[PDB]
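Data from my_file_16.txt: compact mmCIF, C-alpha atoms
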```
# COMPACT_ATOMS: atom_id res chain seq x y z
CA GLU D 126 142.24 219.95 163.40
CA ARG D 127 144.88 222.54 162.50
CA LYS D 128 143.69 224.87 165.26
CA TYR D 129 143.61 222.13 167.90
CA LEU D 130 147.21 221.03 167.37
CA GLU D 131 148.40 224.64 167.32
CA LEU D 132 147.02 225.19 170.82
CA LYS D 133 148.63 221.94 171.97
CA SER D 134 151.90 223.03 170.36
CA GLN D 135 152.05 226.13 172.57
CA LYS D 136 150.67 224.30 175.63
CA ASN D 137 154.01 222.89 176.77
CA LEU D 138 155.82 226.20 176.22
CA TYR D 139 153.97 227.96 179.04
CA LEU D 140 154.35 224.90 181.27
CA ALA D 141 158.11 225.34 180.89
CA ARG D 142 157.80 229.04 181.70
CA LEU D 143 155.51 228.48 184.69
CA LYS D 144 157.56 225.56 186.00
CA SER D 145 160.69 227.65 185.51
CA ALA D 146 158.78 230.53 187.09
CA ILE D 147 157.77 228.26 189.97
CA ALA D 148 161.42 227.29 190.35
CA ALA D 149 162.44 230.89 189.67
CA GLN D 150 160.48 232.12 192.69
CA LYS D 151 161.68 229.15 194.75
CA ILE D 152 165.40 229.71 194.13
CA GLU D 153 165.52 233.28 195.44
CA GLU D 154 163.06 232.30 198.17
CA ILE D 155 165.66 229.78 199.35
CA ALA D 156 168.43 232.26 198.61
CA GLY D 157 166.31 234.82 200.43
CA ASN D 158 166.33 232.38 203.34
CA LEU D 159 170.14 232.65 203.14
CA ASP D 160 170.44 236.34 202.18
CA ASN D 161 171.86 239.30 204.13
CA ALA D 162 170.28 241.18 207.04
CA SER D 163 167.56 242.47 204.70
CA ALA D 164 165.78 239.16 205.39
CA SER D 165 167.49 238.02 208.63
CA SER D 166 167.23 234.33 207.80
CA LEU D 167 169.09 231.12 208.59
CA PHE D 168 172.38 231.98 206.89
CA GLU D 169 172.44 235.10 209.09
CA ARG D 170 170.05 233.87 211.80
CA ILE D 171 171.98 230.69 212.68
CA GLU D 172 175.29 232.52 213.05
CA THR D 173 173.54 234.55 215.75
CA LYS D 174 173.15 231.34 217.74
CA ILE D 175 176.93 230.95 217.47
CA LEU D 176 177.40 234.45 218.88
CA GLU D 177 174.90 234.08 221.73
CA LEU D 178 176.33 230.68 222.61
CA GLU D 179 179.78 232.24 222.22
CA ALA D 180 178.61 235.10 224.43
CA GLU D 181 177.55 232.55 227.04
CA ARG D 182 181.08 231.15 227.07
CA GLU D 183 182.37 234.61 227.97
CA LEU D 184 179.93 234.97 230.86
CA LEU D 185 180.68 231.58 232.43
CA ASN D 186 184.46 232.14 232.40
CA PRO D 187 185.27 235.86 232.12
CA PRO D 188 188.25 236.49 229.83
CA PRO D 189 191.42 237.95 231.36
CA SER D 190 191.38 241.71 231.73
CA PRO D 191 193.32 243.79 229.18
CA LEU D 192 195.66 244.84 232.01
CA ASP D 193 197.17 241.36 232.28
CA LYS D 194 197.59 241.25 228.49
CA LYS D 195 199.82 244.30 228.88
CA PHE D 196 201.57 242.73 231.88
CA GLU D 197 202.35 239.48 230.06
CA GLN D 198 203.22 241.30 226.83
CA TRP D 199 205.42 243.82 228.64
CA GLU D 200 207.19 241.27 230.85
CA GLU D 201 207.57 238.73 228.03
CA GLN D 202 209.23 241.32 225.80
CA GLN D 203 211.63 242.08 228.65
CA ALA D 204 211.83 238.38 229.52
CA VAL D 205 212.94 237.49 225.99
CA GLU D 206 215.09 240.63 225.96
CA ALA D 207 216.73 239.58 229.23
CA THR D 208 217.35 236.05 227.96
CA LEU D 209 218.76 237.17 224.60
CA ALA D 210 220.66 240.07 226.19
CA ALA D 211 222.43 237.63 228.52
CA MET D 212 222.75 235.09 225.70
CA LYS D 213 224.43 237.49 223.28
CA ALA D 214 226.56 238.84 226.13
CA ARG D 215 227.33 235.23 227.07
CA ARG D 216 228.55 234.77 223.49
CA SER D 217 231.61 236.92 224.25
CA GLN Z 22 160.52 223.30 215.92
CA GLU Z 23 162.66 221.15 213.64
CA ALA Z 24 166.39 221.83 213.62
CA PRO Z 25 167.04 224.67 211.14
CA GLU Z 26 170.31 223.10 209.98
CA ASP Z 27 168.65 219.84 208.92
CA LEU Z 28 166.46 221.89 206.56
CA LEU Z 29 169.46 223.25 204.65
CA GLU Z 30 170.32 219.70 203.59
CA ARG Z 31 166.66 219.08 202.74
CA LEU Z 32 166.12 222.45 201.05
CA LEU Z 33 169.11 222.11 198.72
CA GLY Z 34 168.34 218.42 198.27
CA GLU Z 35 164.74 219.28 197.47
CA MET Z 36 165.99 222.17 195.34
CA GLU Z 37 168.28 219.81 193.41
CA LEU Z 38 165.17 217.83 192.46
CA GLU Z 39 163.66 221.07 191.16
CA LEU Z 40 166.84 221.81 189.21
CA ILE Z 41 166.78 218.47 187.39
CA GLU Z 42 162.99 218.72 187.18
CA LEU Z 43 163.42 222.13 185.56
CA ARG Z 44 166.28 220.95 183.34
CA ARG Z 45 164.38 217.96 181.96
CA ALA Z 46 161.45 220.13 180.87
CA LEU Z 47 163.78 222.57 179.10
CA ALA Z 48 164.80 219.71 176.81
CA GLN Z 49 161.15 219.15 175.91
CA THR Z 50 160.84 222.79 174.82
CA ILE Z 51 163.78 222.71 172.40
CA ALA Z 52 162.80 219.35 170.91
CA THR Z 53 159.29 220.65 170.26
CA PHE Z 54 160.83 223.86 168.92
CA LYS Z 55 163.09 221.81 166.65
CA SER Z 56 160.10 219.74 165.51
CA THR Z 57 158.12 222.85 164.55
CA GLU Z 58 161.20 223.95 162.62
CA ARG Z 59 161.01 220.74 160.58
CA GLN Z 60 157.34 221.34 159.77
CA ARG Z 61 158.08 224.78 158.32
CA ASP Z 62 160.81 223.31 156.13
CA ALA Z 63 158.65 220.30 155.22
CA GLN Z 64 155.67 222.46 154.26
CA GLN Z 65 157.96 224.88 152.42
CA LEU Z 66 159.38 221.97 150.41
CA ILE Z 67 155.81 221.00 149.52
CA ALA Z 68 155.19 224.59 148.41
CA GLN Z 69 158.44 224.46 146.44
CA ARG Z 70 157.27 221.20 144.86
CA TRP Z 71 153.98 222.91 144.00
CA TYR Z 72 156.03 225.67 142.37
CA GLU Z 73 157.91 223.02 140.38
CA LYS Z 74 154.58 221.61 139.18
CA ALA Z 75 153.51 225.15 138.28
CA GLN Z 76 156.67 225.55 136.21
CA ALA Z 77 155.94 222.29 134.39
CA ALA Z 78 152.22 223.09 134.23
CA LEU Z 79 152.96 226.58 132.89
CA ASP Z 80 155.15 225.07 130.15
CA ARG Z 81 153.54 223.94 126.86
CA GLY Z 82 151.33 227.04 126.80
CA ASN Z 83 148.75 225.84 129.35
CA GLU Z 84 148.29 228.84 131.64
CA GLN Z 85 144.83 228.07 133.03
CA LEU Z 86 146.10 225.07 134.99
CA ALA Z 87 149.00 227.13 136.36
CA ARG Z 88 146.62 229.68 137.90
CA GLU Z 89 144.93 226.95 139.95
CA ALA Z 90 148.31 225.63 141.12
CA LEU Z 91 149.47 229.12 142.11
CA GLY Z 92 146.28 229.68 144.08
CA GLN Z 93 146.80 226.33 145.80
CA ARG Z 94 150.31 227.37 146.82
CA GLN Z 95 148.95 230.47 148.57
CA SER Z 96 147.18 228.36 151.19
CA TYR Z 97 150.46 226.65 152.07
CA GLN Z 98 152.33 229.97 151.91
CA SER Z 99 149.99 231.43 154.53
CA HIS Z 100 151.11 228.79 157.02
CA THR Z 101 154.77 229.44 156.17
CA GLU Z 102 154.38 233.12 157.04
CA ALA Z 103 152.19 232.38 160.06
CA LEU Z 104 154.35 229.61 161.52
CA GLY Z 105 157.54 231.53 160.77
CA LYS Z 106 156.31 234.42 162.92
CA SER Z 107 155.69 232.05 165.83
CA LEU Z 108 159.18 230.55 165.57
CA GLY Z 109 160.87 233.94 165.84
CA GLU Z 110 158.98 234.91 168.99
CA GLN Z 111 159.94 231.69 170.79
CA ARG Z 112 163.64 232.26 170.03
CA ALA Z 113 163.98 234.98 172.67
CA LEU Z 114 162.30 232.91 175.39
CA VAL Z 115 164.37 229.77 174.79
CA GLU Z 116 167.52 231.89 174.80
CA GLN Z 117 166.38 234.03 177.73
CA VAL Z 118 165.23 231.10 179.86
CA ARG Z 119 168.65 229.45 179.68
CA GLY Z 120 170.14 232.67 181.03
CA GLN Z 121 168.44 232.42 184.41
CA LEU Z 122 169.28 228.73 184.80
CA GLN Z 123 172.89 229.34 183.75
CA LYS Z 124 173.12 231.90 186.55
CA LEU Z 125 170.98 229.62 188.74
CA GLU Z 126 173.40 226.69 188.58
CA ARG Z 127 176.39 228.81 189.59
CA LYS Z 128 174.43 230.43 192.42
CA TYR Z 129 173.09 227.12 193.74
CA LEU Z 130 176.51 225.49 194.11
CA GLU Z 131 177.93 228.63 195.73
CA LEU Z 132 175.35 228.40 198.52
CA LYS Z 133 176.10 224.69 198.92
CA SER Z 134 179.82 225.49 199.01
CA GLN Z 135 179.35 227.71 202.07
CA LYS Z 136 176.75 225.40 203.63
CA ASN Z 137 179.25 223.04 205.27
CA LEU Z 138 181.40 225.91 206.56
CA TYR Z 139 178.76 227.12 209.02
CA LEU Z 140 177.99 223.53 210.02
CA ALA Z 141 181.62 223.27 211.11
CA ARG Z 142 181.33 226.55 213.02
CA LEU Z 143 178.02 225.63 214.65
CA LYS Z 144 179.14 222.09 215.47
CA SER Z 145 182.38 223.53 216.83
CA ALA Z 146 180.26 226.16 218.58
CA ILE Z 147 178.02 223.40 219.95
CA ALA Z 148 181.14 221.62 221.18
CA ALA Z 149 182.64 224.97 222.20
CA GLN Z 150 179.77 225.64 224.60
CA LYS Z 151 179.82 222.01 225.76
CA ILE Z 152 183.53 221.93 226.67
CA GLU Z 153 183.42 224.86 229.10
CA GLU Z 154 180.02 223.66 230.32
CA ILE Z 155 181.74 220.42 231.34
CA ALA Z 156 184.78 222.37 232.50
CA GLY Z 157 182.34 224.67 234.27
CA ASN Z 158 181.02 221.54 235.97
CA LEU Z 159 184.62 221.05 237.18
CA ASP Z 160 185.57 224.71 237.74
CA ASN Z 161 186.37 226.60 240.95
CA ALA Z 162 183.94 227.83 243.62
CA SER Z 163 182.46 230.30 241.11
CA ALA Z 164 180.29 227.38 239.95
CA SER Z 165 180.50 225.01 242.95
CA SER Z 166 180.28 221.86 240.85
CA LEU Z 167 181.41 218.24 241.05
CA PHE Z 168 185.16 218.86 240.98
CA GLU Z 169 184.62 221.11 244.01
CA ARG Z 170 181.27 219.67 245.14
CA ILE Z 171 182.43 216.04 245.45
CA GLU Z 172 185.48 216.94 247.53
CA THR Z 173 183.00 218.42 250.01
CA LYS Z 174 181.60 214.92 250.49
CA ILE M 175 165.45 211.18 170.40
CA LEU M 176 165.44 214.97 170.07
CA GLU M 177 164.54 215.71 173.69
CA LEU M 178 167.11 213.17 174.90
CA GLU M 179 169.49 214.67 172.34
CA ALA M 180 168.58 218.11 173.67
CA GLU M 181 169.44 216.90 177.17
CA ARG M 182 172.92 215.95 175.96
CA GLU M 183 173.43 219.54 174.83
CA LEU M 184 172.39 220.95 178.21
CA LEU M 185 174.64 218.67 180.28
CA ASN M 186 177.76 219.46 178.22
CA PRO M 187 177.29 222.74 176.29
CA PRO M 188 178.77 222.52 172.78
CA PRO M 189 181.74 224.75 171.94
CA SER M 190 180.80 228.27 170.92
CA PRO M 191 180.86 229.16 167.21
CA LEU M 192 183.75 231.53 167.95
CA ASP M 193 186.14 228.66 168.65
CA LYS M 194 185.00 226.92 165.46
CA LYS M 195 186.24 230.00 163.61
CA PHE M 196 189.42 230.07 165.70
CA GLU M 197 190.27 226.43 165.01
CA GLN M 198 189.19 226.69 161.36
CA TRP M 199 191.14 229.91 160.84
CA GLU M 200 194.29 228.76 162.64
CA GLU M 201 194.18 225.28 161.10
CA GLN M 202 193.98 226.74 157.59
CA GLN M 203 197.02 228.87 158.43
CA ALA M 204 198.59 225.96 160.32
CA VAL M 205 198.35 223.70 157.28
CA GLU M 206 199.34 226.66 155.10
CA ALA M 207 202.39 227.31 157.27
CA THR M 208 203.40 223.64 157.19
CA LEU M 209 202.94 223.27 153.44
CA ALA M 210 204.42 226.71 152.76
CA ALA M 211 207.59 225.71 154.60
CA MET M 212 207.44 222.21 153.09
CA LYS M 213 207.23 223.43 149.49
CA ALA M 214 209.86 226.06 150.25
CA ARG M 215 211.93 223.32 151.89
CA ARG M 216 211.65 221.42 148.60
CA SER M 217 214.02 223.92 146.96
CA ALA H 77 197.45 234.51 168.69
CA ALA H 78 194.16 236.08 167.58
CA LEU H 79 195.65 239.57 167.87
CA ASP H 80 198.60 238.51 165.69
CA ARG H 81 198.31 238.75 161.88
CA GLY H 82 196.57 242.13 162.17
CA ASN H 83 193.10 240.80 163.10
CA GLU H 84 192.05 243.02 166.00
CA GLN H 85 188.26 242.62 165.77
CA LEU H 86 188.42 238.98 166.87
CA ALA H 87 190.72 239.90 169.77
CA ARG H 88 188.15 242.32 171.20
CA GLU H 89 185.58 239.53 171.46
CA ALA H 90 188.10 237.25 173.16
CA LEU H 91 189.08 239.97 175.64
CA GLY H 92 185.43 240.58 176.48
CA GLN H 93 184.96 236.84 176.98
CA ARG H 94 187.88 236.78 179.43
CA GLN H 95 186.20 239.44 181.58
CA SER H 96 183.38 237.07 182.54
CA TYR H 97 185.92 234.54 183.81
CA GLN H 98 187.97 237.29 185.47
CA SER H 99 184.93 238.38 187.48
CA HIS H 100 184.76 234.95 189.11
CA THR H 101 188.50 235.04 189.83
CA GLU H 102 188.12 238.30 191.74
CA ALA H 103 184.87 237.18 193.38
CA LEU H 104 186.06 233.71 194.42
CA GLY H 105 189.43 235.06 195.52
CA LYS H 106 187.71 237.38 197.98
CA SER H 107 185.81 234.45 199.49
CA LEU H 108 188.99 232.40 199.92
CA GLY H 109 190.72 235.13 201.91
CA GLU H 110 187.84 235.50 204.37
CA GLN H 111 187.76 231.77 205.13
CA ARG H 112 191.49 231.75 205.92
CA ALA H 113 191.00 233.45 209.29
CA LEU H 114 188.23 231.07 210.38
CA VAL H 115 190.10 227.88 209.46
CA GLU H 116 193.17 229.20 211.27
CA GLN H 117 191.16 230.58 214.19
CA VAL H 118 189.03 227.45 214.64
CA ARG H 119 192.10 225.25 215.06
CA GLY H 120 193.22 227.55 217.87
CA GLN H 121 190.31 226.68 220.16
CA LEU H 122 190.63 222.95 219.49
CA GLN H 123 194.40 223.07 220.01
CA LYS H 124 193.74 224.59 223.43
CA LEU H 125 190.74 222.27 223.83
CA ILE K 175 154.35 234.34 186.01
CA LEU K 176 154.52 238.14 186.03
CA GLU K 177 153.27 238.59 189.60
CA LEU K 178 155.60 235.84 190.82
CA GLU K 179 158.30 237.45 188.67
CA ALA K 180 157.38 240.80 190.22
CA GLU K 181 157.82 239.24 193.66
CA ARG K 182 161.37 238.24 192.72
CA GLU K 183 162.13 241.89 191.99
CA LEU K 184 160.79 243.03 195.37
CA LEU K 185 162.72 240.48 197.44
CA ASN K 186 166.07 241.31 195.78
CA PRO K 187 165.93 244.75 194.13
CA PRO K 188 167.76 244.79 190.78
CA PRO K 189 170.88 246.94 190.46
CA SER K 190 170.18 250.58 189.70
CA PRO K 191 170.67 251.80 186.11
CA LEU K 192 173.55 253.95 187.36
CA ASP K 193 175.75 250.93 188.03
CA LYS K 194 174.88 249.53 184.59
CA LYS K 195 176.43 252.70 183.16
CA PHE K 196 179.37 252.44 185.57
CA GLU K 197 180.15 248.83 184.63
CA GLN K 198 179.47 249.47 180.93
CA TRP K 199 181.58 252.64 180.92
CA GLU K 200 184.49 251.18 182.91
CA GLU K 201 184.41 247.86 181.05
CA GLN K 202 184.64 249.64 177.69
CA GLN K 203 187.64 251.54 179.03
CA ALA K 204 188.90 248.41 180.79
CA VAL K 205 188.90 246.44 177.54
CA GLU K 206 190.22 249.53 175.76
CA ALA K 207 193.04 249.84 178.28
CA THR K 208 193.92 246.15 177.96
CA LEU K 209 193.85 246.14 174.16
CA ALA K 210 195.52 249.56 173.96
CA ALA K 211 198.44 248.24 176.01
CA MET K 212 198.32 244.91 174.18
CA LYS K 213 198.54 246.45 170.70
CA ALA K 214 201.17 248.88 171.97
CA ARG K 215 202.95 245.91 173.55
CA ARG K 216 202.95 244.33 170.09
CA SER K 217 205.57 246.85 168.93
```

What is this structure when it is put down as structure tokens?
Amino acid sequence: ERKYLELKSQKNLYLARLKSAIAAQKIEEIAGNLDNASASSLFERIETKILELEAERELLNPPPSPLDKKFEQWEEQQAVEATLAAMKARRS
Amino acid sequence: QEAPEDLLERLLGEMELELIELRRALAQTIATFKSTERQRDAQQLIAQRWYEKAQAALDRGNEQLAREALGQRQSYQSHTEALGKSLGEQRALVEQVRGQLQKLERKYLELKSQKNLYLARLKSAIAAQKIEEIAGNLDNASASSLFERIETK
Amino acid sequence: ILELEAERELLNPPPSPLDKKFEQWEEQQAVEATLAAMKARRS
Amino acid sequence: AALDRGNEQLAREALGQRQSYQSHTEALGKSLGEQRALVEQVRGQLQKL
Amino acid sequence: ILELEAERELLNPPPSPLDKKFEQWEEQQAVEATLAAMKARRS
């Protein structure tokens, strides 16, 4: 009788360890499914879909060339300069 | 294949069941641990009571009866030493096990915190590719779509 | 009762024994400071 | 307050305890900064949208 | 439990013992620096 209850006393302890162990391997398995490139999973594998879909947007409508960026930036800086230059000169 | 994003809600939702499932069991361990603690004290008190009887039995010059009582106490004492050893070993596990879960809870919510952020990006991305797809359906001759293809009619 | 009681501990962890010492130590000085000034205030 | 009255041993434990919290402050603060660009950037497309 | 526990190690390798020394060494100086300035700040 004493031996039987002793085994039952320790029975639930391992169940907690195994169930925690079962959860322990599940948590990092799910975290592994959302880890860095070492696993290449959803958290990093779904953002790729954003990029490829984003890349598609570029192909359909090509972005303006960097030359025009300089043109608009250069002219706008002179455009604002011309407006303020005449404005401050207009002040007197 | 099922939508990967829908799983994230299910995985964390399913995981949350595991968390509470894990947490409930942890309570069972401590309660059983506390119970075993009571038995050691209860049996020790019995041994102490046996010692008290030995003191009274030893008094009045009757030593033969005391010897039997002392021998009887040894049987109980064996359990005290044996059970006490078991209690000490379990202390590390009950303390250690809480450590993983304590880190687990913080980690779990952190993943859930960032879960909705990507959903916004993807849903915006889904809309982002839809808007220029519709605009592409109404773009210039580069696509030759309704906005330019209906005027041909 | 114990396992349900154990659950209560897990949900809201009890304060660490360090704070018990902090409150006990400061309170003993806090009461000491109040009574020390009070008895000194008597004269 | 613990450092006061010449009790330095207790202060060391408190300072060590603060480090655990401080780690989260640094860690969480880094995450907040990264998200700032996305929340600002995302509104840009919709504003044009 | 061990083999499943061993799997956890493989998926996410634990930090090397070198960093343990780095954090332990710097933290001991970090707390030392804070308390050294704190006690010096006392006077």

Least-squares superpose chain K onto chain M - every C-alpha atom, paired in order - and show me the moved coordinates as an mmCIF file with C-alpha atoms, in the coordinates of the input.
```cif
data_model
loop_
_atom_site.group_PDB
_atom_site.id
_atom_site.type_symbol
_atom_site.label_atom_id
_atom_site.label_comp_id
_atom_site.auth_asym_id
_atom_site.auth_seq_id
_atom_site.Cartn_x
_atom_site.Cartn_y
_atom_site.Cartn_z
ATOM 1 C CA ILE K 175 165.445 211.180 170.402
ATOM 2 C CA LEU K 176 165.439 214.969 170.063
ATOM 3 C CA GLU K 177 164.539 215.706 173.691
ATOM 4 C CA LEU K 178 167.107 213.171 174.899
ATOM 5 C CA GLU K 179 169.496 214.671 172.340
ATOM 6 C CA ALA K 180 168.583 218.115 173.672
ATOM 7 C CA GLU K 181 169.443 216.903 177.173
ATOM 8 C CA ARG K 182 172.922 215.951 175.956
ATOM 9 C CA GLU K 183 173.433 219.542 174.826
ATOM 10 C CA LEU K 184 172.392 220.944 178.213
ATOM 11 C CA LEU K 185 174.640 218.673 180.287
ATOM 12 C CA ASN K 186 177.761 219.467 178.215
ATOM 13 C CA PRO K 187 177.294 222.729 176.287
ATOM 14 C CA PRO K 188 178.769 222.522 172.773
ATOM 15 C CA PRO K 189 181.737 224.746 171.934
ATOM 16 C CA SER K 190 180.794 228.270 170.929
ATOM 17 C CA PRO K 191 180.859 229.165 167.212
ATOM 18 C CA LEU K 192 183.748 231.528 167.953
ATOM 19 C CA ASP K 193 186.143 228.668 168.655
ATOM 20 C CA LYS K 194 184.994 226.919 165.466
ATOM 21 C CA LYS K 195 186.241 229.996 163.602
ATOM 22 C CA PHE K 196 189.419 230.073 165.701
ATOM 23 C CA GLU K 197 190.267 226.422 165.011
ATOM 24 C CA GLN K 198 189.185 226.686 161.361
ATOM 25 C CA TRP K 199 191.133 229.917 160.845
ATOM 26 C CA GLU K 200 194.295 228.759 162.639
ATOM 27 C CA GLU K 201 194.181 225.278 161.103
ATOM 28 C CA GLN K 202 193.985 226.742 157.591
ATOM 29 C CA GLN K 203 197.014 228.869 158.431
ATOM 30 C CA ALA K 204 198.591 225.967 160.322
ATOM 31 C CA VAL K 205 198.352 223.702 157.279
ATOM 32 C CA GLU K 206 199.338 226.658 155.100
ATOM 33 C CA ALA K 207 202.383 227.307 157.270
ATOM 34 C CA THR K 208 203.397 223.639 157.191
ATOM 35 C CA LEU K 209 202.941 223.269 153.436
ATOM 36 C CA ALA K 210 204.421 226.715 152.755
ATOM 37 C CA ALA K 211 207.592 225.702 154.595
ATOM 38 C CA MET K 212 207.442 222.213 153.094
ATOM 39 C CA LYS K 213 207.235 223.426 149.486
ATOM 40 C CA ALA K 214 209.864 226.060 150.248
ATOM 41 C CA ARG K 215 211.932 223.320 151.891
ATOM 42 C CA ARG K 216 211.654 221.423 148.606
ATOM 43 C CA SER K 217 214.022 223.918 146.955
#
```

Neighbour list for residue 180 in chain K as a PDB file with C-alpha atoms, keeping the file's coordinate frame, cut-off 12 Å, all atoms listed in the file, skip fewer than 6 positions in-chain:
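Output file part-v2.pdb follows:
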```pdb
ATOM      1  CA  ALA D 146     158.780 230.530 187.090  1.00  0.00           C
ATOM      2  CA  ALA D 149     162.440 230.890 189.670  1.00  0.00           C
ATOM      3  CA  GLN D 150     160.480 232.120 192.690  1.00  0.00           C
TER       4      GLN D 150
ATOM      5  CA  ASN K 186     166.070 241.310 195.780  1.00  0.00           C
ATOM      6  CA  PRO K 187     165.930 244.750 194.130  1.00  0.00           C
ATOM      7  CA  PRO K 188     167.760 244.790 190.780  1.00  0.00           C
TER       8      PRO K 188
END
```

Worksheet item: Given a cut-off of 10 Å, which residues of chain H touch chain K, counting only C-alpha atoms, written out as a PyMOL selection string?
Response: chain H and resi 79-80+82+84+87-89+91-92+94-95

Discussion item. Please identify all residues of chain D having at least one atom at most 12 Å from any atom of chain K, considering all atoms listed in the file, and return them as a ChimeraX atom specification.
Written reply: /D:139-158,160-161,163-164

Using all atoms listed in the file, select each residue of chain Z with any atom at most 12 Å away from an atom of chain M, and give the selection as a JSON list (two decimals) with C-alpha atoms, in the coordinates of the input.
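Dumped everything to selection_34.json:
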```
[["chain", "number", "residue", "atom", "x", "y", "z"],
["Z", 41, "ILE", "CA", 166.78, 218.47, 187.39],
["Z", 43, "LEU", "CA", 163.42, 222.13, 185.56],
["Z", 44, "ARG", "CA", 166.28, 220.95, 183.34],
["Z", 45, "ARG", "CA", 164.38, 217.96, 181.96],
["Z", 46, "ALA", "CA", 161.45, 220.13, 180.87],
["Z", 47, "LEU", "CA", 163.78, 222.57, 179.10],
["Z", 48, "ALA", "CA", 164.80, 219.71, 176.81],
["Z", 49, "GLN", "CA", 161.15, 219.15, 175.91],
["Z", 50, "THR", "CA", 160.84, 222.79, 174.82],
["Z", 51, "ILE", "CA", 163.78, 222.71, 172.40],
["Z", 52, "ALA", "CA", 162.80, 219.35, 170.91],
["Z", 53, "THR", "CA", 159.29, 220.65, 170.26],
["Z", 54, "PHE", "CA", 160.83, 223.86, 168.92],
["Z", 55, "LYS", "CA", 163.09, 221.81, 166.65],
["Z", 56, "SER", "CA", 160.10, 219.74, 165.51],
["Z", 59, "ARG", "CA", 161.01, 220.74, 160.58],
["Z", 119, "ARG", "CA", 168.65, 229.45, 179.68],
["Z", 122, "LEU", "CA", 169.28, 228.73, 184.80],
["Z", 123, "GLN", "CA", 172.89, 229.34, 183.75],
["Z", 126, "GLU", "CA", 173.40, 226.69, 188.58]]
```

Discussion item. Would you compute the distance between CA of residue 200 in chain M and CA of residue 85 in chain H? Give it in Å to one decimal.
Written reply: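 These two atoms are separated by 15.4 Å.
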
Worksheet entry | For range 115-121 of chain H: contacts at 8 Å, only C-alpha atoms, fewer than 4 positions along chain excluded, given as a list in words |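 Neighbouring residues, sequence-local ones excluded: residues 142 of chain Z; 111 and 125 of chain H.
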
Box along x, y and z, 5 Å on every side, all listed atoms of range 200-212 of chain M inside: centre and edge lengths in Å to one decimal, as JSON.
```
{"center_x": 200.8, "center_y": 225.5, "center_z": 157.7, "size_x": 23.6, "size_y": 16.7, "size_z": 19.9}
```

Discussion item. Report, in Å to a single decimal, how far apart CA of residue 87 in chain Z and CA of residue 75 in chain Z are.
Written reply: 5.3 Å

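Taking CA of residue 105 in chain Z and CA of residue 57 in chain Z as endpoints, the distance between them is 9.5 Å.
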